[PDB]
Amino acid sequence: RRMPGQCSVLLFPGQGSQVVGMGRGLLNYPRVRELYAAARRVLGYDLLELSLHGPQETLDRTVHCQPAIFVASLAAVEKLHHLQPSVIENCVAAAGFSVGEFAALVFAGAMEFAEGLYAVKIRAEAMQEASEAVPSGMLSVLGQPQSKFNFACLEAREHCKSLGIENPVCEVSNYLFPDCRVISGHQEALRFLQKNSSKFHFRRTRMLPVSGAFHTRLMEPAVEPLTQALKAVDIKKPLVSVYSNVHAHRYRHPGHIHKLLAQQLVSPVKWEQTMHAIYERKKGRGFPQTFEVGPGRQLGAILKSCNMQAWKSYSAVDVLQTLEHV
RNA sequence: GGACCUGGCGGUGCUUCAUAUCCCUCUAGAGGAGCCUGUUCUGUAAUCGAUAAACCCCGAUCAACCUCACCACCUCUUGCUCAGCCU
Ligand SMILES: [Mg+2]
Ligand SMILES: [Mg+2]
């Protein structure tokens with residue numbers, strides 16, 4: 001039973017980490033060019049060019065960002081394996097945020113690159129369709145000890161009930177760290193929350209630049225397409241402990257990933273609970289190494305907020321440049 | 001009829017101070033978030049109940065298709081060992 005400090009935990013990012021220049025610093029590393037070639041073969045366009053140099057507005061579109069993040073995450077895993085083989089050898093857990101979950105399974109030997117990427121493509125397209133279906137959006141909110149989230153959601157619904165719309169949606173969509181949440185639903189609700197922050201005791205409020213209300217019932221139309229896409233795919237037993245976003249626990253048997261991966265589409269993301277499940281321990285016990293295989297450093301900040309002692313042994317795989325030309 | 005005595009109130013309050021423990025003041029930290037437990041109401045035919053008996057092979061852990069426990073149907077019979085149960 002290895003001492004905590006030798007083992008490693010891989011964290012895969014999700015929506016919102018896209019950035020122009022993604023992939024440079026990973027191409028010359030082994031087996032990455034072939035991965036982008038397979039991405040071309042499956043998608044139908046050149047992901048490599050878009051990630052390397054793109055207008056950032058095409059890259060911000062839902063149909064493109066998710067496959068880009070998936071491919072970049074797996075390329076970063078390849079680079080980390082090249083630099084530090086022991087880190088990949090001694091892996092105890094894996095977790096992804098929204099679409100990075102699909103990456104984690106592929107890293108865990110539960111899926112393959114082609115099938116996983118096809119699933120991600122169908123997911124992104126279906127979500128975009130549902131986003132045009134009804135106007136919707138996402139809002140990140142940081143609260144105080146006096147802040148009531150469900151309560152604020154209730155009046156956020158009361159306003160647009162007074163306006164008049166069918167079963168208005170405004171619910172907490174992402175649990176990411178203490179007192180910081182992301183609420184999802186109609187624009188008028190989130191607009192109401194912005195201007196009643198002071199009443200609702202919100203320190204900060206920031207609209208997420210996303211197309212629609214992810215992880216809510218508004219994305220119900222996108223469940224059935226993705227559902228079909230996962231039937232042909234044969235998921236195996238994950239080799240490492242992969243943690244889910246619906247209920248924030250390990251995937252225990254392969255016969256339930258099929259339905260959890262579709263329930264995630266319309267269920268809040270339990271990221272705080274996943275961090276607690278992976279890192280919570282008695283004071284004085286050591287923590288594992290943590291590697292954010294993928295673009296950005298957001299999960300690093302979220303881990304810093306969630307658990308400082310775990311964050312002390314955190315590092316990120318850089319996907320925008322490389323120190324040595326391999 | 002006269003004189004005297006004991007008393008008893010398991011009694012009643014107040015006064016002053018010793019009045020330390022206990023106070024009161026005074027000093028220094030302990031509410032939000034996520035999980036797990038206690039109680040209540042509601043609900044089920046039924047137990048969101050337990051692992052000298054699973055899983056895991058960082059810590060812990062939830063339900064695990066482990067297994068025991070509960071509910072609804074059945075089967076076995078002199079059987080394991082003049083058996084068997086932690087009742
Ligand atoms: Mg039970
Ligand atoms: Mg028994």
Side-chain angles (χ1 to χ4, degrees), chain A residues 1-11 80 84-95 97 101 104 107-110 140-153 171-183 197-205 215 235-261 263-264 267-293 299 301-315:
Chain A
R1 297 174 73 87
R2 272 174 323 271
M3 272 303 126
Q6 307 189 21
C7 55
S8 68
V9 174
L10 295 190
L11 294 186
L80 199 56
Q84 321 189 42
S86 61
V87 173
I88 304 296
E89 291 178 355
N90 304 341
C91 188
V92 289
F97 194 83
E101 182 65 26
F107 159 73
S140 191
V141 299
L142 175 59
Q144 288 180 353
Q146 297 85 18
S147 66
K148 300 296 290 295
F149 285 109
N150 305 113
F151 178 86
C153 291
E171 65 183 1
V172 163
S173 190
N174 280 261
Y175 300 88
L176 55 86
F177 69 79
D179 284 332
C180 189
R181 306 263 170 283
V182 187
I183 298 163
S197 63
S198 51
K199 181 172 73 176
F200 294 133
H201 299 276
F202 296 160
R203 284 144 66 186
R204 307 189 316 116
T205 293
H215 305 308
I235 291 172
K236 276 77 72 175
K237 181 67 175 290
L239 276 161
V240 290
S241 309
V242 181
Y243 284 71
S244 188
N245 276 321
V246 176
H247 60 287
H249 294 311
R250 172 187 314 172
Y251 282 117
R252 291 292 171 108
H253 305 294
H256 320 295
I257 299 163
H258 292 171
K259 65 178 72 66
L260 280 159
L261 272 175
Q263 178 174 345
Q264 172 202 119
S267 289
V269 166
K270 301 287 182 70
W271 193 241
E272 200 198 332
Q273 288 83 315
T274 308
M275 294 293 101
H276 281 317
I278 297 174
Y279 295 108
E280 205 168 273
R281 56 197 67 212
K282 292 181 181 179
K283 289 176 74 69
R285 296 290 183 269
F287 287 87
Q289 310 157 319
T290 306
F291 289 85
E292 203 192 317
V293 298
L299 300 190
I302 295 164
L303 178 60
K304 195 182 168 141
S305 309
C306 278
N307 190 351
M308 200 55 75
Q309 308 296 304
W311 183 82
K312 287 180 181 179
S313 55
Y314 159 84
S315 64

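Numbers restart at 1 for each chain; the letters A, B, ... are given by sequence-line order, proteins then strands.
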*asked:* Heavy atoms only, 4.0 Å cut-off, all strands: where does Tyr243(A) land among base, sugar-phosphate and nothing?
replied: base

*Looking only at side-chain atoms of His249(A), point me to the closest of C62(B), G32(B), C58(B).*
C62(B)

*Could you check if a side-chain atom of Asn307(A) sits within less than 4.5 angstrom of a side-chain atom of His276(A), using non-hydrogen atoms only?*
no

_Using salt bridge (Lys or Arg N to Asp or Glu O under 4.0 Å), reason through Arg181(A) and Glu171(A) one step at a time and then give a plain yes or no._
CA-CA 10 Å; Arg181(A) 306 263 170 283; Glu171(A) 65 183 1; over 6 Å; no

_Looking at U77(B) and its strand neighbour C76(B), I'd like to know if their base rings stack, meaning the ring centres are under 5.5 Å apart and the planes differ by less than 30°._
no

_Return the CD to SG distance between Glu89(A) and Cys7(A), rounded to the nearest 0.5 Å._
13.5 Å

*Check for a donor-acceptor pair, side chain of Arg281(A) on one end and backbone N or O of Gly286(A) on the other, with a separation under 3.5 Å.*
yes

*Rounded to whole angstroms, how far apart are CG on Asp179(A) and P on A33(B)?*
7 Å

*Map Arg2(A) and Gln146(A) onto RNA chain B by nearest heavy atom, then report which one ends up closer to the 5' terminus.*
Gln146(A)

*For atom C1', what is the distance between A50(B) and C62(B), given to the nearest Å?*
15 Å

*Closest heavy-atom pair and its distance - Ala277(A), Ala248(A)*: CB-O, 3.9 Å

*For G84(B), does the glycosidic angle fall within 90° of 0 (syn) or outside that (anti)?*
anti

*Based on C1'-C2'-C3'-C4', put the sugar of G29(B) on the north side (positive) or the south side (negative).*
north

*asked:* Check the orientation of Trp311(A) and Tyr314(A). Use parallel for under 30°, tilted for 30 to 60°, and perpendicular for over 60°.
replied: parallel

*Assign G79(B) to syn or anti; the rule is syn for a glycosidic angle within 90° of 0 and anti otherwise.*
syn

_Nearest to the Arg252(A) side chain among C58(B), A63(B), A60(B), which nucleotide is it?_
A63(B)

_Suppose you measure atom P in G49(B) against the same atom in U61(B); what distance do you get, rounded to whole Å?_
15 Å

_Near-parallel close bases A50(B) and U51(B) (centres under 5.5 Å, planes under 30°)_ = yes

*Would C65(B) be called syn or anti, given that syn covers angles within 90° of 0?*
syn

_Nucleotide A33(B), atom P - distance to NZ of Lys270(A) in whole Å_ = 15 Å

*asked:* With a 4.0 Å limit, can you tell me whether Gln273(A) has a side-chain N or O closer than that to the phosphate oxygens OP1/OP2 of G34(B)?
replied: no

*Of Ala93(A) and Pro178(A), whose nearest nucleotide on RNA chain B comes first from the 5' end?*
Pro178(A)

_Measuring only the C1' atom in each nucleotide, how far is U39(B) from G13(B)? A whole number of Å is fine._
49 Å

*Can you tell me how far P in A20(B) sits from the matching atom in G8(B), rounded to whole Å?*
36 Å

*asked:* From C-beta outward on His253(A), which listed nucleotide comes closest to its side chain: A33(B), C62(B), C65(B)?
replied: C65(B)

*P atom, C86(B) versus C68(B): distance in rounded Å?*
13 Å

*Under the 3.5 Å rule, do the base of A60(B) and the side chain of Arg281(A) count as making a donor-acceptor pair?*
no

*Does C68(B) adopt a syn or an anti glycosidic conformation, taking syn as a chi angle within 90° of 0?*
anti

*Rounded to the nearest Å, what distance is computed from the CG atom of residue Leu303(A) to the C1' atom of nucleotide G34(B)?*
15 Å

*Is the base of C48(B) stacked on the base of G49(B), in that the six-ring centres lie under 5.5 Å apart and the planes are under 30° off?*
no

*Tell me: CZ of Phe202(A) to P of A33(B), nearest whole Å?*
13 Å

*Give one of base, sugar-phosphate or nothing for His247(A), where a contact means two heavy atoms less than 4.0 Å apart.*
nothing

*If you round to the nearest 0.5 Å, how far is CG of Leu142(A) from CG of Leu176(A)?*
9.5 Å

*Determine the Euclidean distance between corresponding P atoms of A69(B) and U47(B); express it in Å to zero decimal places.*
15 Å

*Is there side-chain contact between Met275(A) and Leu11(A), with heavy atoms separated by less than 4.5 Å?*
yes

*Could a donor-acceptor pair under 3.5 angstrom be found where the side chain of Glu280(A) meets the base of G34(B)?*
yes

*Measure from CG on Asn90(A) to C1' on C58(B) and round the result to the nearest Å.*
10 Å

*With a non-hydrogen cut-off below 4.0 angstrom, is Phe177(A) in contact with a base, only sugar-phosphate, or nothing?*
nothing

_Integer angstrom distance from the P of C55(B) to that of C66(B)_ = 11 Å

*With heavy atoms under 4.0 Å as the rule, sort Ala277(A) into base, sugar-phosphate or nothing.*
base

*Does any non-hydrogen side-chain atom of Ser8(A) lie less than 4.5 Å from one of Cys91(A)?*
yes

*Work out the sugar pucker of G31(B) as north or south, treating a positive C1'-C2'-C3'-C4' as north.*
south

*Report the pucker family of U51(B) (north if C1'-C2'-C3'-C4' is positive, south if negative).*
south

*Indicate, with a heavy-atom threshold strictly under 4.0 Å, whether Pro4(A) touches base, sugar-phosphate, or nothing.*
base

*asked:* Just so I know, are the side chains of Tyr279(A) and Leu303(A) near enough to count as touching, which here means a heavy-atom distance under 4.5 Å?
replied: yes

*Sign-based sugar class (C1'-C2'-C3'-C4') of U6(B)*: north

*d(OH, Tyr279(A); P, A60(B)) in whole Å*: 17 Å

*Hey, what's the ring geometry for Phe149(A) with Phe202(A), parallel, tilted or perpendicular (30° and 60° as the breaks)?*
parallel

*Just read off the sign of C1'-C2'-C3'-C4' for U39(B) and name the pucker, north if positive, south if negative.*
north

*If only side-chain N and O atoms of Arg1(A) are considered, is one of them under 4.0 Å from the OP1 or OP2 phosphate oxygen of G59(B)?*
yes

_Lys148(A) atom NZ, over 12 foreign heavy atoms within 6.0 Å_ = no

_Six-ring stacking criterion satisfied by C73(B) and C74(B) (under 5.5 Å, under 30°)_ = yes

_Rounded to whole Å, please give me the gap between CZ in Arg181(A) and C1' in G32(B)._
10 Å

*For atom OH of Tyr314(A) and atom P of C58(B), their distance in whole Å*: 24 Å

*Of the listed nucleotides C65(B), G32(B), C56(B), the one nearest the side chain of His256(A)*: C65(B)

*asked:* Both atom distances under 3.5 Å, Watson-Crick or G-U wobble: I'd like the secondary structure of RNA chain B as a dot-bracket string, with | for pairs made across strands.
replied: ................................................((................))...................

_Taking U44(B) as the reference, what is the distance to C48(B) when you measure between their P atoms (whole Å, please)?_
15 Å

*Centres under 5.5 Å and planes under 30° for the six-membered rings of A28(B) and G29(B)?*
yes

